[PDB]
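Protein chains in written order, with PDB author numbering: chain S, 2 to 159; chain I, 2 to 198; chain r, 2 to 97; chain b, 2 to 70; chain L, 2 to 55. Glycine is no exception: its CB is placed at the ideal position from the N, C-alpha and C atoms. Notes to accompany the following structure.
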Amino acid sequence: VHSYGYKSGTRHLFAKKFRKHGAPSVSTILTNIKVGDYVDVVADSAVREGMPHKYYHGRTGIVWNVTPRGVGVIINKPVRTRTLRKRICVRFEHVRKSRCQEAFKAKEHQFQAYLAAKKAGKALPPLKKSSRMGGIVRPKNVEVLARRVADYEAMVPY
Amino acid sequence: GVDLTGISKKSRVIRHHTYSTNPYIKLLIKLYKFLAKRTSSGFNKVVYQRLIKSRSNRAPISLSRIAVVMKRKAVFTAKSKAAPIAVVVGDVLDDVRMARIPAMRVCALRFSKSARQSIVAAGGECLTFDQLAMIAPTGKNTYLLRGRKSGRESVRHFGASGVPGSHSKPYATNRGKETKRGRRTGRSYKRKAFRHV
Amino acid sequence: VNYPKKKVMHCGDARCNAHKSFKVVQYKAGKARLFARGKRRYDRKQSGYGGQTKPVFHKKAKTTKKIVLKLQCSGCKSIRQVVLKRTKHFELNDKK
Amino acid sequence: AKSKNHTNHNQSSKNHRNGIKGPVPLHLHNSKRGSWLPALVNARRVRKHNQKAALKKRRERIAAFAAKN
Amino acid sequence: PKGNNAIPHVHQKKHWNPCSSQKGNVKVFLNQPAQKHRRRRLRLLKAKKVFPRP
RNA sequence: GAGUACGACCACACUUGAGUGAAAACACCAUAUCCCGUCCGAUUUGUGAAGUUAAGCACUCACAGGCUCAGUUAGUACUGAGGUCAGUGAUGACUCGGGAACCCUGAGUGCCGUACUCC
RNA sequence: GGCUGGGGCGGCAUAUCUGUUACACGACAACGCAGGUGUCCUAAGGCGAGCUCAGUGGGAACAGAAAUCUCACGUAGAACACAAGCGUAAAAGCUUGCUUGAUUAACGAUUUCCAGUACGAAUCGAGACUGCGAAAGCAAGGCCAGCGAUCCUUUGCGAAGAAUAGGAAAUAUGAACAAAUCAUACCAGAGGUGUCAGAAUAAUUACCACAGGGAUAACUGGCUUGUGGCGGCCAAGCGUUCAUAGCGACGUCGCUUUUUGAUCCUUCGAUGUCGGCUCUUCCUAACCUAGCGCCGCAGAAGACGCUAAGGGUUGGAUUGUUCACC
RNA sequence: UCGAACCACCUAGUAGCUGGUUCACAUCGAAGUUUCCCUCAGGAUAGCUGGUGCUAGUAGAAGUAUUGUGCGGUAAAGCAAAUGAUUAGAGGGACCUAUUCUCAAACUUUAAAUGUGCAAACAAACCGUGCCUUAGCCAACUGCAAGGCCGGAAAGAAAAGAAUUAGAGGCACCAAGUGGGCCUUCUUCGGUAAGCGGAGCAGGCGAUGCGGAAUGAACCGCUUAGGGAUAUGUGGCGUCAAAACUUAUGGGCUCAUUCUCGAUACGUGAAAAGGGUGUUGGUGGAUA
RNA sequence: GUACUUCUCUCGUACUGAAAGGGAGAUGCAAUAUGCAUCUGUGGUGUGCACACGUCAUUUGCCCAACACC
């Protein structure tokens, strides 16, 4: 980076992948964003206006303001001794709802559905056990490890 | 050598003793240093914590702050059982802005002359900390108060004036001196009145 | 830069309060007047002995000037001042 | 004399010496002044009516207490 | 100047300190009470001469 | 089992050369007063329905090109940590660990909704 | 003025924009690499509609490699004011139609540089009046470089009319009053600092001075060895013949510190800074002297090599010379 | 005394420059970097640091894992894939077709290791034909937005390898010194190279000795209150010199004639190409 | 020197606009270009010592200071 411009470092970060070129698909226009929701900021390059800065590409935060064509996101940018909490304004083409929170909110459902399942039983599925615990092994086939005379002429090709 | 990065950075400053030359304060801490030790009560060791704080950290509450606050608690108490004592480790002052105060049995280190009359004339008492050891040795059914520390002109000057979103009073003897750049929007710029953090 | 002699913009007054066709005239104007407060002061400082008392500017780095347009609302009477980018040659010229 | 030196050398050792303080919680500063306004207005027009209703509950719990005893 | 301190306007530039070089416009009131006892002694003596005139 | 209208993912859907297509659709088509648009009713626009599956479209096919997934390439290349390791060096092996890519082989050649309709 | 592999001269690395260095977030230096900026545009801005581009191939009076018509192919190989990158195919390109969203925008927030200050540029909004479009929608310039403090000067807004009274609504001041001028104020713009967070600026000193610097040049010494010097390896060829008696190209591997550079580690409250004379000593890559191998060594003279530094190594003309020549 | 005399005074002239700056012990303990400056031997500013603290001693904890989920174009690879270089033959002089040798910091389909953003149960999230409120959305309307209220449950986070902690979080005031750095593993640019110049991630010296490499700022071990014991690290056991009074009842290899064979990494703090029927091993082929 | 003294002076209790000028409570009713009444009172919400009544550190009450949103 010689010139320290606005979008000074990027012929790759902002390039579209090979044979993925195109303008943004419908499915990302028909997503809707509620305030408080987590989001990935990934800048699409086929929409000029509204891009996030080079730093924010690839981060996640909590949407806060929602405007007709815009959004806004709260992202943690570490600075000298501290993390400022930055508010950026993006055109939502660059925004995708994050799956980050997901496996947790699925752990919470599979607890409650578990709990209402014990309430009056029906019992419950069995608890899987460790693979690291003991056992006798009954080998179906057994072979020998050795270094072969032939193994060396394979490592000098040609 | 054992590895303890720091170790100078978990350590904090406490200062058990007092910085006051007052011979009477040195008696009051003598009482609570004793009876915050052996008493097994929360109240009674907070006032020992508070009794060594230098004047800046003990801010006077006005009267009418005790009254308003204690009228908020007196509503939800049982009508049979009432014995709250206003216990303040600072100075208690006289509020000209309020008249007709009930009778509160306030306790304090020092009373404004107009504040003490303005209590007893309305029927309450004023009882200092050598009494309250006799009335509330456990601190039982006391009501402990602090002050108001955030309106001081020193707390108002803190922070830089020209930082965006900082409303702070700069140091100048002539107030008409610094209005004219970075304050007014017209010339060079105006410091932003509000900034998200 | 060719720019129209007449431009339909907007007029701000309650009397204007719509798009009105204006009349475009360039701002190259001010004539320094004596008895302006800063000139009355520079004559009391400059007077007498001592040299030039106020810094005179020599090093001139710019070849252009921003172009201010005085636009006079036709049906409503106010003038507006609109600023444009820097250009070395500015000309008001009908449609091309 | 060549005075133009630039280094990052000791810095991230200093930046972590008081540590990098983690972010401020979501609940702490909201202060929505950004903001999309016609939603912001309709938020205060409710946030007033929640004050009346909540300050009324302050009165109904004054009576209901003294009512109890 | 360093820090948040106020912008000092103290006007001491003119020569005031009586530096071994110069003299310097310093007025000192160390004689205040001796002139307090003198203005009184001279109100009494005039009262003693003016007598019995108010 | 299909068609049409709207579609989601956007080649397992494309590209080329062949083959076959029930009904209903789709379309090609006939035409140019009127609305409309051009050098040209070609595109287009308006009227309608005599003709054909020839073409589009749907389907099947090809030791087809491409593309999808998995193998192999290969625990090789590279690489985080280590040495009072080897070597004059260039570099390399070793130790605790992560671990590729093309060619090459085999297998696949769209799928999923709403609405109306055909046997 | 400044930066500066001493200073000067040159340059601009001084404000700046794209690719790379840059090490798969971001950040990252050099007088590192390859280029840009101070402008240009009432259309090259805004929008709707129709179309498809560079090129290739078949065919058509003159007409050809190259004119215009026609068909087919055509993933962008074209274009988008310009440097570069990125992005775009019923468009962001081209043609065409209507237009002024290149205006105003209540002191909204935010990004970039960053101290999380300003400037520049940019993103997201809310209000006014609009433009194009059947409509959804699009537009506050041409995405992203194309720019400017305090003070001073200068222009624009505060039309008329009404108020029994300064209010919801009439711009304020000239301070004893009141008018009409004049001046000033509050708001938004322009005139500019290119050293670009913004001084008003030509030389010489060998007659020179001061404060300091080994933070920094002119000696030695140190590192390095390109350059100079010296040597080896391979063997195309020369030597009538025959690679190697003696040489040895194209290549290639080293050594030395008697050359010149490169650097700037030591010395600036001081290491006396060319050459000769004098005097001693050391090194060997050996000129003579001792012993020897080998030859394109018949003898004579000599070539090449080995051990070996014990001994020796001159008299002069010219030049301040070292060097050089007789 | 002269490229501006002498005397006294303004005058203790100004200096970002050189020199100096007098008692002890204790608790702590840096920086040579950022941004701006006619700025580059200096300052202001953030950072590092100390003092005073405030605040309800596990809160808004983390220079680290695991799980889930995002981001990426360096090393590698590729030219039989685009862009740019590029050798040769063949097939149907140039061409055309399919291959071929060789490449790229400013090329790329593909694409690591190390990294980086977030999340992982107490102001939160999850659940409800709950209710209230709106000048928000809509052709709906008890749907969706928001602030609440009231109920529900809460392994307080199971099982699956399924975390750990010398984890009191958080806020504030005042202020010093520093803003010439230098060295090293690895990455790394200019240079033939440099004990040269310039950076990245870190660790050190600076400021710090002590044990060790004979010696050395930085290497190796180690981290220092005043003492004793036992044990060790790096490095060592022929004498110097503590330890094999020259250990083994261990295996090989090596003879080096004047800078004298070799023998402490970092330390080219010294050696290469090329040679040797010196000696000691091995691989392949061959005659008996 | 100590002892004594006042009207005043001055820093404060209020700020804002260039200025002429203006100038701050709560609740209820209520919408009146100065609405009306009451006056023992935190403007509201989330977090938050001590205290109080419970419970197996913690439920609720009030929450002082203080932080944040209005």
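With a cut-off of 8 Å on Cβ pairs, the stretch 88–97 of chain S is in contact with the stretch 47–57 of chain S, counting three or more such pairs. Judged by DSSP secondary structure, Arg39 of chain L falls within the alpha helix (DSSP H) whose first and last residues are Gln33 to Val51.
Residue S:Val74 holds the alpha-carbon nearest to the alpha-carbon of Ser99 of chain S among S:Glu144, S:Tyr7, S:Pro53 and S:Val74. Judged by DSSP secondary structure, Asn43 of chain b falls within the alpha helix (DSSP H) whose first and last residues are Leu38 to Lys69. Taking CB atoms only, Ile63 of chain b has no neighbour in chain S less than 8 Å away. Remark: C-beta atoms of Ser75 of chain r and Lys21 of chain r approach each other more closely than 8 Å.
Between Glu94 of chain S and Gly51 of chain S, the CB-CB gap stays under 8 Å. Looking at the backbone, the Cα of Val143 of chain S and that of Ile137 of chain S are separated by about 15 Å. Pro5 of chain r counts as exposed, since fewer than 16 other C-beta atoms from the protein chains shown sit within 10 angstroms of its C-beta. Only exposed fits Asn142 of chain I, as fewer than 16 other CB atoms lie within 10 angstroms of its CB. The three-state secondary structure of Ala194 of chain I, taken from DSSP, is coil.
Contact between the stretch 126–140 of chain I and the stretch 44–54 of chain I is present, with at least three C-beta pairs closer than 8 Å. Here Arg111 of chain I is actually not in contact with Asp131 of chain I; their C-beta atoms are around 13 Å apart, not less than 8 Å. In this chain, the alpha helix (DSSP H) harbouring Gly43 of chain I covers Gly43 to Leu52.
In the structure shown, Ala44 of chain S falls within a coil segment according to DSSP collapsed to helix, strand and coil. Between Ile120 of chain I and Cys127 of chain I, the CB-CB gap stays under 8 Å. In the three-state scheme derived from DSSP, where H, G and I count as helix and E and B as strand, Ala7 of chain L is classed as coil.
The C-beta of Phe77 of chain I comes closer than 8 Å to at least one C-beta of chain b.
Here DSSP, grouped into helix, strand and coil, assigns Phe23 of chain r to strand. Looking at the DSSP output, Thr88 of chain r shares a beta bridge with r:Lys66. Within chain I, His197 and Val198 have C-beta atoms less than 8 Å from the C-beta of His30 of chain b, given in sequence order.
Of the candidates S:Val157, S:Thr84 and S:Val27, the residue whose Cα lies closest to the Cα of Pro26 of chain b is S:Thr84. Annotation note: the stretch 124–167 of chain I contains the following uninterrupted alpha helix (DSSP H) runs of length 4 or greater, listed N- to C-terminal: 130–136 and 154–158.
If you check the CB distance, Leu72 of chain r and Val9 of chain r do not come in under 8 Å. Excluding the 5 residues flanking it on each side, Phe15 of chain S has same chain C-beta neighbours closer than 6 Å at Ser46, in chain order.
Taking C-beta atoms as the reference points, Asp96 of chain I and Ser57 of chain I fail to come closer than 8 Å. In chain order, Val198 make up the part of chain I whose C-beta sits under 9 Å from the C-beta of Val25 of chain b.
The stretch 149–156 of chain S and the stretch 18–37 of chain I do not touch, with fewer than 3 CB-CB distances between them shorter than 8 Å.
Chain-order list of chain S residues neighbouring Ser36 of chain b: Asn66, by C-beta distance under 7 Å. Taking CB atoms only, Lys80 of chain I has a neighbour in chain b less than 8 Å away. Taking CB atoms only, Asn16 of chain b has no neighbour in chain I less than 8 Å away. Straight-line measurement puts the Cα of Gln33 of chain L at about 40 Å from the Cα of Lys3 of chain L. Proximity to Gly31 of chain r across r:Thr88, r:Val69, r:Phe91 and r:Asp95 peaks at r:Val69, based on C-alpha coordinates. In summary, the residues of the stretch 64–90 of chain S whose CB is separated from some CB of chain b by less than 9 Å are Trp65, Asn66, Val67, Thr68, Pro69, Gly71, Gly73, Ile75, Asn77, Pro79, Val80, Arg81, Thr82, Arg83, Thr84, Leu85, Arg86, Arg88 and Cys90, in the order they occur in the chain.
According to the DSSP assignment, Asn16 of chain b belongs to the alpha helix (DSSP H) that extends over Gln12 to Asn16. With at least 16 other beta carbons inside 10 angstroms of its own, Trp65 of chain S counts as buried.
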